[PDB]
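As a basis for the values below, the full set of heavy atoms in this structure was taken, side chains included, without hydrogen atoms, waters or symmetry mates. Numbers here simply count residues along the sequence, with the first being 1. Just follow the structure's listing: the first ligand is 1, and inside any ligand the first atom is 1.
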Amino acid sequence: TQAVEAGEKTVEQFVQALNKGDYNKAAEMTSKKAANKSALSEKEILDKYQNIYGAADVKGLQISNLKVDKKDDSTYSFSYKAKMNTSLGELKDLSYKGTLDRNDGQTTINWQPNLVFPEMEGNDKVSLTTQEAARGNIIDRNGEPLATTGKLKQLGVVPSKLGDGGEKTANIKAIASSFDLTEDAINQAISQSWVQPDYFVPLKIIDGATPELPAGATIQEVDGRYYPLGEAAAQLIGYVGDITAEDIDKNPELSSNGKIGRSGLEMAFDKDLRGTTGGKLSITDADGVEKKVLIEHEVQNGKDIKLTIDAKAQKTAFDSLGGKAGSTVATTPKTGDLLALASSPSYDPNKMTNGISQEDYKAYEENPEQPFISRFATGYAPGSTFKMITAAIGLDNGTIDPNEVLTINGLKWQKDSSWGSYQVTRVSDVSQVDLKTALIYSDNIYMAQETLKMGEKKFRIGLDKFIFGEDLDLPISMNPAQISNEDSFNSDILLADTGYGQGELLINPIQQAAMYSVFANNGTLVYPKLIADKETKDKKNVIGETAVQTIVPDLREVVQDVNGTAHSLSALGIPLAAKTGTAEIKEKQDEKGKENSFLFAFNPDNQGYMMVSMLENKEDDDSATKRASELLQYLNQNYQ
Ligand code: NA
Ligand code: NA
Ligand code: NA
């Protein structure tokens, strides 16, 4: 028994060394090279595992049903089942055999070639054939390509057919002028250490028509990932990059010669889009005759993925932001279909996937507006647009009388002196303010007073009916919305600030469109939906239907009233219920305060669409409302 337990331990140490990819340590646990002992020395056992397991990308060795018994007084036999992962999938239930040598107080393994794979003898060989899987496509709600595989025209220069002095310098300036290239970039490209004078040095992927080709400039045709919307959907779709040795070490089933999603939906749906590698892993004898097929299956191309996105609305929403910082989310609020998820500024996903220079990537990374941010998935304070929610909560618990008229003097208000120098600020000095007037003029003082009168307890009861703290079932990385940092405000100022969408509220644009959908579903919250085939989810009785029938007519006046904050949208001549908003943010880079401009809008007649747009750190005289006319026209025409 004491020798049987020692034999079991050494087999477990041998498997563990192979499991951890430490082949040299596993070889040192073997007996000496002999006839009935080990078949090879330690160095060539190391080389056999390193060569064979490396060729099949063997990762992770797990065994089961280990049995060590006694044959002779010096040799103990062992057997166990085992499984491992390869570049062609999991290789399950492998029956391994062998014997253990016992001399002195050391138990070693009589190594044989059948310890690499179960049925190998002597000079048997291992072969691996693989067929690469074609990557699936990402399409919109009408089948338009968002991420597809196309034929790209690659511009390149052959430094041999270029020149020497006057001919070389003139041709480089001609190519740089005819293809929007820097003369220093072309010289740096052909001066790389890998370049030979007769080689084809690729420069960039050209899109559209091809101009004249000067001496040396030649166009070759290559296949690669292509994004038709470009930067208009770069944060949502993402990009693919070359698979690295580090990627294979983490997942050997990846194609060692293919692409992998690095961000966005390309990464979130990488498994479904990449498919499975097809091929065969077989064992042959010394004559190359097939002895045993270990793994074999055909190639399975990646499956397509259809989104709720409207490719026309996505491009319209992104273009409307004019390159400024901000985001826009468009939905069909009755089903939750995400028609558009625009984030601005953005980056070029085609440039990312077709090789980007360290300078262009550095410009993206050091842009203070940060184009890499997915602003539709980043939490923000919702701004004074949130007065809709506080009003609906106040109507439900009876704390807000729609006809009660408050008397507000000036633009600043304080509960008492305990607030110190802080005051809630409004933009319009209206003396007699009821609920309808407060929504039309966006009166933060009114709602701050109604929030304080309502109380934190009743306020949170209405807030808890929404989606605060919930994880949305979406293939987009995001954090749950929050009311504040803790379960209690512990501050009348924080309570009042939360009443009009400031405070410690953090809600991303997608979560905002979810909460605001109650006004298009008579108080029912409809969860947003990105995958077209998925089922509509909703949440009943978030706010009362009476509150909806009270607030939506007021939201019509935000557009139709001459002093409504969204009156410029009345020029469209379409039925609109809207609510503008602002959020004041303090920053340390600039001692002056920044603000975000918000716009909520939907069709109150048919509930066909709904949009939530925001400008982050807006320039002076800029707003989300002045940029929404084109998207509102398109959504109203095509979504009823
Ligand atoms: Na967050
Ligand atoms: Na707090
Ligand atoms: Na406003």
Side-chain angles (χ1 to χ4, degrees), residues 327 343 373-391 411 424-430 433 436-448 456 459-460 463 466-472 474 476-512 514-516 551 554-555 557-559 561 563-569 576-585 595-601 612-616 618 621-628:
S327 65
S343 187
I373 296 185
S374 294
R375 286 176 158 82
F376 48 80
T378 304
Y380 297 93
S384 46
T385 309
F386 202 73
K387 294 198 302 299
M388 306 184 309
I389 306 302
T390 307
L411 303 176
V424 177
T425 303
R426 63 179 186 171
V427 290
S428 295
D429 187 3
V430 180
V433 180
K436 182 178 179 178
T437 302
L439 294 176
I440 292 172
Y441 291 81
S442 190
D443 194 319
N444 299 336
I445 293 182
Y446 172 91
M447 203 57 63
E456 169 177 15
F459 188 29
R460 292 186 175 275
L463 290 172
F466 285 86
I467 60 174
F468 290 105
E470 297 185 14
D471 290 307
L472 300 188
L474 294 174
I476 299 177
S477 181
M478 65 176 65
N479 286 322
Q482 72 171 41
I483 300 171
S484 59
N485 293 347
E486 306 298 331
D487 291 335
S488 302
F489 291 120
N490 297 115
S491 175
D492 283 353
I493 290 185
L494 183 58
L495 172 61
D497 283 352
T498 306
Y500 58 106
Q502 314 284 129
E504 299 171 349
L505 285 164
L506 289 178
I507 314 174
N508 66 47
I510 297 177
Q511 297 163 340
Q512 292 172 23
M515 294 179 59
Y516 299 161
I551 293 176
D554 295 354
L555 298 184
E557 289 300 318
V558 182
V559 182
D561 189 295
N563 284 328
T565 57
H567 184 67
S568 62
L569 301 183
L576 281 175
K579 181 68 187 73
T580 69
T582 61
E584 185 68 24
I585 322 295
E595 76 172 13
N596 301 328
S597 179
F598 296 83
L599 172 64
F600 162 76
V612 173
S613 184
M614 182 207 62
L615 285 184
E616 183 184 14
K618 48 160 270 182
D621 305 328
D622 203 1
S623 68
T625 297
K626 76 149 65 176
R627 300 178 174 274

Novice: Does the side chain of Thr580 come under 3.5 Å of the side chain of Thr565 through a donor N or O and an acceptor N or O?
Specialist: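 Yes, a side-chain donor-acceptor pair sits under 3.5 Å.
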
Novice: Could you verify whether a donor N or O on one side chain and an acceptor N or O on the other, from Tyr441 and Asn563, lie under 3.5 Å apart?
Specialist: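 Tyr441 vs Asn563: donor-acceptor pair found between side chains.
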
Novice: From the Na ion (ligand 3) out to just under 3.0 Å, does an N/O/S atom of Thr565 turn up?
Specialist: no

Novice: Under the criterion side-chain contact (heavy atoms from CB on, under 4.5 Å), I'd like the reasoning laid out for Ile551 against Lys579: C-alpha separation, chi angles, the key distance, then a yes or no.
Specialist: CA-CA 10 Å; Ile551 293 176; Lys579 181 68 187 73; over 6 Å; no

Novice: In Å, rounded to the nearest 0.5 Å, how long is the span from CG of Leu615 to CG of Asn596?
Specialist: 8.5 Å

Novice: Start with the C-alpha distance between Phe598 and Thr625, add both sets of side-chain angles, then the distance that settles side-chain contact (heavy atoms from CB on, under 4.5 Å), and finish with yes or no.
Specialist: CA-CA 8 Å; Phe598 296 83; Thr625 297; over 6 Å; no

Novice: How are the rings of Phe468 and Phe386 set relative to one another: parallel (under 30°), tilted (30 to 60°) or perpendicular (over 60°)?
Specialist: perpendicular

Novice: Which residues and atoms, protein N, O or S only, are under 3.0 Å from the Na ion (ligand 2)?
Specialist: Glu504 OE1

